[PDB]
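In what follows, a single structure is set out as structure tokens and then discussed.
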Ligand SMILES: *[C@@H]1O[C@H](CO)[C@@H](O[C@@H]2O[C@H](CO)[C@@H](O[C@@H]3O[C@H](CO[C@H]4O[C@H](CO)[C@@H](O)[C@H](O[C@H]5O[C@H](CO)[C@@H](O)[C@H](O)[C@@H]5O)[C@@H]4O)[C@@H](O)[C@H](O[C@H]4O[C@H](CO)[C@@H](O)[C@H](O)[C@@H]4O)[C@@H]3O)[C@H](O)[C@H]2NC(C)=O)[C@H](O)[C@H]1NC(C)=O
Ligand SMILES: *[C@@H]1O[C@H](CO)[C@@H](O[C@@H]2O[C@H](CO)[C@@H](O[C@@H]3O[C@H](CO[C@H]4O[C@H](CO)[C@@H](O)[C@H](O)[C@@H]4O)[C@@H](O)[C@H](O[C@H]4O[C@H](CO)[C@@H](O)[C@H](O)[C@@H]4O)[C@@H]3O)[C@H](O)[C@H]2NC(C)=O)[C@H](O)[C@H]1NC(C)=O
Ligand SMILES: *[C@@H]1O[C@H](CO)[C@@H](O[C@@H]2O[C@H](CO)[C@@H](O[C@@H]3O[C@H](CO[C@H]4O[C@H](CO)[C@@H](O)[C@H](O)[C@@H]4O)[C@@H](O)[C@H](O)[C@@H]3O)[C@H](O)[C@H]2NC(C)=O)[C@H](O)[C@H]1NC(C)=O
Ligand SMILES: *[C@@H]1O[C@H](CO)[C@@H](O[C@@H]2O[C@H](CO)[C@@H](O)[C@H](O)[C@H]2NC(C)=O)[C@H](O)[C@H]1NC(C)=O
Ligand SMILES: *[C@@H]1O[C@H](CO)[C@@H](O[C@@H]2O[C@H](CO)[C@@H](O)[C@H](O)[C@H]2NC(C)=O)[C@H](O)[C@H]1NC(C)=O
Ligand SMILES: *[C@@H]1O[C@H](CO)[C@@H](O[C@@H]2O[C@H](CO)[C@@H](O)[C@H](O)[C@H]2NC(C)=O)[C@H](O)[C@H]1NC(C)=O
Ligand SMILES: *[C@@H]1O[C@H](CO)[C@@H](O[C@@H]2O[C@H](CO)[C@@H](O)[C@H](O)[C@H]2NC(C)=O)[C@H](O)[C@H]1NC(C)=O
Ligand SMILES: *[C@@H]1O[C@H](CO)[C@@H](O[C@@H]2O[C@H](CO)[C@@H](O)[C@H](O)[C@H]2NC(C)=O)[C@H](O)[C@H]1NC(C)=O
Ligand SMILES: *[C@@H]1O[C@H](CO)[C@@H](O)[C@H](O)[C@H]1NC(C)=O
Ligand SMILES: *[C@@H]1O[C@H](CO)[C@@H](O)[C@H](O)[C@H]1NC(C)=O
Ligand SMILES: *[C@@H]1O[C@H](CO)[C@@H](O)[C@H](O)[C@H]1NC(C)=O
Ligand SMILES: *[C@@H]1O[C@H](CO)[C@@H](O)[C@H](O)[C@H]1NC(C)=O
Ligand SMILES: *[C@@H]1O[C@H](CO)[C@@H](O)[C@H](O)[C@H]1NC(C)=O
Ligand SMILES: *[C@@H]1O[C@H](CO)[C@@H](O)[C@H](O)[C@H]1NC(C)=O
Ligand SMILES: *[C@@H]1O[C@H](CO)[C@@H](O)[C@H](O)[C@H]1NC(C)=O
Ligand SMILES: *[C@@H]1O[C@H](CO)[C@@H](O)[C@H](O)[C@H]1NC(C)=O
Ligand SMILES: *[C@@H]1O[C@H](CO)[C@@H](O)[C@H](O)[C@H]1NC(C)=O
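Chains as they are written, first to last, in the deposited numbering: chain V, 1 to 91, 96 to 105; chain B, 518 to 548, 568 to 663; chain B', 518 to 548, 568 to 663; chain D, 1 to 52, 52A, 53 to 72, 72A to 72H, 73 to 82, 82A to 82C, 83 to 100, 100A to 100F, 101 to 110; chain G, 32 to 57, 65 to 135, 151 to 184, 188 to 309, 312 to 321, 321A, 322 to 398, 411 to 458, 465 to 505; chain U, 2 to 31, 31A to 31H, 32 to 35, 35A, 36 to 52, 52A, 53 to 82, 82A to 82C, 83 to 100, 100A to 100E, 101 to 112. A prime marks a further copy of an entry chain.
Written as structure tokens, this is what we have:
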């Protein structure tokens, strides 16, 4: 019933640039959003849970924020290992994904 | 009027301050089976929490007092509110929140102000 | 200075007597499993020993006092030491040893001196 | 320590009645009276009356007793010490003498001798 | 100005805490209500004028504490009782003159350790498994088994949770109060009302109703993995009966050790079942479907289905009636689709005896058979639905603490902190 | 820790497939001295080649309770073994669009975020043709 608008669908940046991805919700969801990272031929990995809580073991360059309807996932200083597809999660509905290059 | 236990919880700090014995009565009595150990643990907990409040009143020279006047002057950093905007505006619930941080500091000031007061009284009677 | 709990144990009786609230705070809080019953037995023991000291202060007219002056005159049989050779020479540890025998006697004198004092005050207010 | 927003400038003509709102926030609505005061052209300021959201009691000057409809809703609690209220005001026999700016004012204290005193005001509404 | 702090002892202020509560009540029942302090005949309820407290039935520790107290009292009431481990022997079972209840004969130990006896006992299907056909009790390969003492009663007795001295409980007088939020009208009580610890599934039995309208509560109702706790305002009556006239047969399996076996059925062999009024259940589902639209849409259609899977305890209206554990098919209660705008339903209930009660795997209990004809009458006052991840709601449950949460929402435990420091123009002398 | 799934499979249109997912590693050890908290649901999701991630169902390994997705039309069943250490996902009436890589995911026991899939399986490629 909920609709998650993830933008942009794809982007490209250099090593060391600041990358931000947004997920907009069609109605208020509190802080119930999770961010994942999925590389080619691999299972997703949980980056951020509950909108703004960084998961253990994830490098500190990642960060998330948001509440009510506007959310964001940020990679401070992009690296080579960060090339993957990132998507937000609201319960059983996922964002359409962002392919970083 | 007789509002009852915590009856003046929503009343002003001045109104509730006249109903102190109400809350003072029910602080110690109330308003190897499973329940047996569950009740014994509660009977000991009630005494410990009671004697802790009594312990603080004792080392503040307030033992036996409900309203106790001290010597520590009110630091306006704690709350820069006027007297009439406290006792006739606020509820003790709100007041405990606004003085949450500074409460531990006042508790120390009230202690040495009593050990120096009786040390002085020991000299006043040394003649 | 703030020496800490029993910080003035080796200091003179006069110095330690200004740091009474230090030792008075941590007398009640501190500075069916095996540990469960082991802890409950300690929580009850702490209260009993505390109320016994409070019970003695109460029947000596000292309830609420840290330094309390009485009416019992100091018998030189207990200790024939000069005032300046006690409060500025001895430590409370040494003093408790020298008055070990006579301590139980003083505790009785301080009791009837209080029941006669209030019996007298009941007559002073009988007019 | 909150806002008391009011309605817009609804300009009618004599004979009719006008209802002005007063929506509160940032403070417990039922803990303070709501005073109504007006400053018209022809006189200075004139105190109309206050109403007690808690007790429902109403006290207004004899110059406006047979004209003013003063009612209040019930607060919707936000937090323990915050709510949102609403106070209404109407006037019966409206004329051009009653043209001016109207405000609502929150009472000053919860006890004492200045309980209902207009302390925290709204923004004003322009009548006919 | 001249402002000195002054100490006040006994100020109406409190904090959210969690302490150990104790019980109060009014044959020995499993909930040892005889060991509780007598409920005071004068229950003091003090109303807190002007007060507005925040509640959160979904963080309430009274629930988590009650749930382990029941579990703790259950385990207490089975220690002295006989162990049916000698019953874990090969059974020779035949049908009874469809094929649900069996007739099983085994070699059993007598009061002498060198003598056997070929006794027979009846067992429901759900208590045995295969290898005359050769069977075996269900629990034998997982857990030891303990026969419930036949003098303790499974009857829910009203229990009152009381807070210690220096603590209090804050009720919530708000007739339309949902789960969380700030309760406008609040009062303080020393103990809770008479809470009956009814262990049930899908249909909340004999509980407390809702005043005014039928409420519906949930953490995140948009979250499909959160059970909806719907509370009725009018009770719909349900009548259950096992009509077989069972008989109890003592079997001395050791010194002082007697296993109570199901002897034989005296008369007709019939089905156990439950009746609800189809009219009253229609109008109650309507009241529920009404408040279901306030959260999902005035135009969307609300559909009820039966369970979609799981163990017997959660796929059926699991409960206890006169001492025997029923498991009722509910497909006849949740089979309606609702658009934007004499009668009796009958439920086929099965009966079990080897029950694991909570979710413990290791502590099974044999409920001894109840002599006579079992029938009980009870109100279904609540419901535990689960929307499918058209919004369809299906019954469910399992976690017994939702049962306790359905009666403990009104309450909250607070810690009284009576010392207050505040300034006035007062000072003591020299 | 990663969850162990079954190998890939190839099925004709109309047949059935069962994807196992070992979520625990016990056998007969679980009772403790203190009351344990509830377990987290085992979620099953799939991702078609070049498509988005799709949630199918969650299954409570404690009592077997399940919540299947609407658009599955009762074509999916999720169970677990007796030891409750291995989940199973059965999809009946397979069609071509069901071709995808099927994952099982679970939240972290320490956390209370039921949908924050901290654990994942390596995936099970299912091809219907
Ligand atoms: C809960 O919270 C509410 C809201 O905060 C509290 O209500 C407030 O209570 C205080 C004190 O109780 C009130 O202040 C007093 O106001 C009176 C003015 O009332 C007089 O005039 C009214 C209009 O003419 C009239 O209605 C009154 O008549 C009685 O009958 C009405 C029937 O509706 C009844 O509701 C009233 O309460 C009256 O009893 C009355 O004639 C004022 O006279 C007071 O001042 C005197 O007393 C103070 C000492 O208290 C003294 O300092 C003064 O010099 C003077 O002697 C006093 O200011 C306030 O008006 C209430 N309403 C608000 C603030 O909106 C309520 O008390 C709280 N209860 C609890 C239990 O917490
Ligand atoms: C569950 O299964 C058990 C078996 O494991 C059943 O128990 C048996 O039930 C049958 C009946 O269904 C019993 O058989 C009856 O025994 C009676 C006792 O008589 C015995 O003793 C006399 C001495 O006084 C001998 O002369 C006689 O030969 C027997 O050895 C008989 O009175 C009964 O006779 C009836 O049937 C015969 C032939 O059918 C008729 O001619 C008679 O007129 C009469 O009507 C019958 O033989 C058997 O004894 C039970 N066994 C035990 C160990 O108790 C349970 O009944 C069964 N329960 C359920 C609910 O299914
Ligand atoms: C929901 O609540 C109902 C009522 O509160 C429960 O009904 C109760 O069920 C129990 C057992 O199922 C009954 O206890 C039985 O009583 C009979 C005899 O009772 C009759 O005789 C006594 C004389 O002492 C008389 O006082 C009674 O009124 C009856 O007329 C015994 O033979 C049994 O051994 C057993 O003790 C209760 O009587 C019954 N109460 C009522 C009012 O019907 C119901 O079980 C609850 N439901 C659930 C699921 O818990
Ligand atoms: C799930 O429930 C929680 C708590 O009931 C909701 O969290 C609140 O959300 C509102 C609106 O977004 C905020 O104004 C509050 O501040 C939040 N409170 C807390 C404690 O987080 C949450 O929004 C709900 N989520 C969904 C999807 O319904
Ligand atoms: C009790 O009756 C049922 C019903 O007739 C029997 O079930 C049959 O079991 C056999 C296996 O031995 C199957 O081949 C049949 O298909 C079953 N029939 C039905 C209708 O399900 C059962 O075996 C009987 N039990 C005993 C002990 O006699
Ligand atoms: C089931 O139905 C109602 C609950 O609504 C109960 O019967 C009423 O009980 C109240 C209070 O106990 C009485 O004031 C009414 O007079 C009763 N009504 C009738 C028609 O008798 C009944 O006790 C409930 N049974 C339970 C909860 O076990
Ligand atoms: C159920 O069966 C028992 C016996 O198995 C019946 O109890 C008998 O009751 C009558 C009175 O109606 C007595 O005269 C008999 O002595 C009883 N027999 C025994 C063995 O105690 C009982 O009546 C039956 N009840 C029903 C409802 O069928
Ligand atoms: C459940 O059982 C109760 C009582 O056994 C039934 O109530 C009886 O209903 C009839 C018909 O209206 C009345 O004549 C009786 O007086 C009622 N009994 C009592 C004690 O009041 C009730 O109808 C049954 N309901 C269902 C759904 O089975
Ligand atoms: C108030 O408190 C601050 C520190 O909290 C202290 O430095 C200051 O001297 C105090 N002022 C008075 C007047 O006590
Ligand atoms: C107490 O300290 C906290 C620090 O996080 C601060 O946010 C709060 O405002 C302080 N209390 C008061 C009354 O200022
Ligand atoms: C001192 O104590 C002795 C007995 O211990 C007693 O006989 C004597 O009277 C006491 N003297 C004074 C002055 O109190
Ligand atoms: C107390 O009595 C004992 C008796 O053995 C004696 O040795 C000791 O010296 C006495 N104490 C003092 C301070 O004299
Ligand atoms: C009891 O033991 C004997 C010993 O041979 C055996 O023949 C008989 O079948 C046993 N009975 C049952 C019911 O297993
Ligand atoms: C116990 O036996 C049953 C037979 O119904 C079997 O399915 C199950 O796997 C066994 N469980 C264990 C833990 O041995
Ligand atoms: C309960 O009511 C409050 C205010 O009416 C609302 O904020 C809250 O969301 C409600 N609870 C639920 C579960 O909808
Ligand atoms: C639910 O209903 C369906 C169809 O009516 C049936 O096949 C299924 O067995 C039912 N499940 C239960 C637990 O009754
Ligand atoms: C429940 O009843 C329906 C029909 O009334 C039946 O199809 C279903 O199988 C039953 N449930 C079970 C678990 O058998």
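Heads up, the beta-carbon is just placed ideally off N, CA and C, and yes, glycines get one too.
- The DSSP-derived three-state label of residue 66/G is coil.
- Beta-bridge analysis with DSSP links residue 261/G to 449/G.
- Contact with chain G is found for residue 72G/D, since one of that chain's Cβ atoms lies less than 8 Å from the residue's Cβ.
- Close CB contacts of residue 128/G within its chain, under the 6 Å cut and outside five residues either way in sequence, are with 190 (chain order).
- Of all residues in the region 587–617 of chain B', only 599, 600, 601, 602, 603, 605 come within less than 7 Å of chain B when Cβ atoms are compared, listed by chain position.
- With a cutoff of 8 Å on beta-carbon distance, residue 319/G and residue 298/G are scored as not near each other.
- Take residue 545/B, set aside five residues on each side of it, and the residues of its chain with a beta-carbon closer than 7 Å to its own are 582, 586, in chain order.
- With a threshold of 7 Å, the Cβ atom of residue 31E/U does not count as near ligand 9, since no heavy atom of the ligand is closer than that.
- Per DSSP, the unbroken alpha helix (DSSP H) holding residue 579/B' starts and ends at 570–594.
- Residue 425/G is positioned such that its CB atom lies no closer than 8 Å to that of residue 436/G.
- Look at residue 160/G here: in three-state DSSP terms it is strand.
- No residue range can be given for residue 122/G, since it is assigned to no alpha helix (DSSP H) and is classified by DSSP as neither H nor E.
- For residue 419/G, the shortest separation between its Cβ and any heavy atom of ligand 5 does not lie below 7 Å.
- Taken atom to atom, the span from the alpha-carbon of residue 259/G to that of residue 449/G is near 6 Å.
- The CB of residue 370/G comes closer than 9 Å to the CB of 54 in chain U, given here in chain order.
- In terms of CA proximity to residue 626/B, 89/G leads the group 89/G, 253/G, 156/G.
- The beta carbon of residue 12/V is closer than 7 Å to those of 105 in its chain, skipping five residues each way along the sequence.
- Distances from the CB of residue 386/G to the heavy atoms of ligand 17 include at least one below 7 Å.
- Taking 8 Å as the CB threshold, residue 655/B lines the interface with chain B'.
- In the three-state reduction of the DSSP assignment, residue 617/B' falls in the coil class.
- Residue 4/V is bridged by DSSP to 25/V.
- Counting the other Cβ atoms within 10 Å of the Cβ of residue 67/V gives fewer than 16, which makes it exposed.
- For residue 10/U, the enclosing beta strand (DSSP E) has its first and last residue at 10–12.
- Buried is the label assigned to residue 373/G, since at least 16 other Cβ atoms lie within 10 Å of its Cβ.
- At a cut-off of 8 Å between beta carbons, residue 154/G makes no contact with chain B.
- In chain order, 529, 624, 625 make up the part of chain B whose C-beta sits under 7 Å from the C-beta of residue 98/D.
- In the three-state DSSP reduction, residue 100/V falls in the coil class, being neither helix nor strand.
- Chain D has no Cβ within less than 8 Å of the Cβ of residue 577/B.
- At a cut-off of 8 Å between C-beta atoms, residue 72D/D counts as an interface residue with respect to chain G.
- Of all alpha-carbon atoms in 33/U, 31D/U, 45/U, the one lying nearest the alpha-carbon of residue 42/V is that of 45/U.
- By the neighbour-count criterion, in which a residue is buried when 16 or more other Cβ atoms sit within 10 angstroms of its Cβ, residue 281/G is buried.
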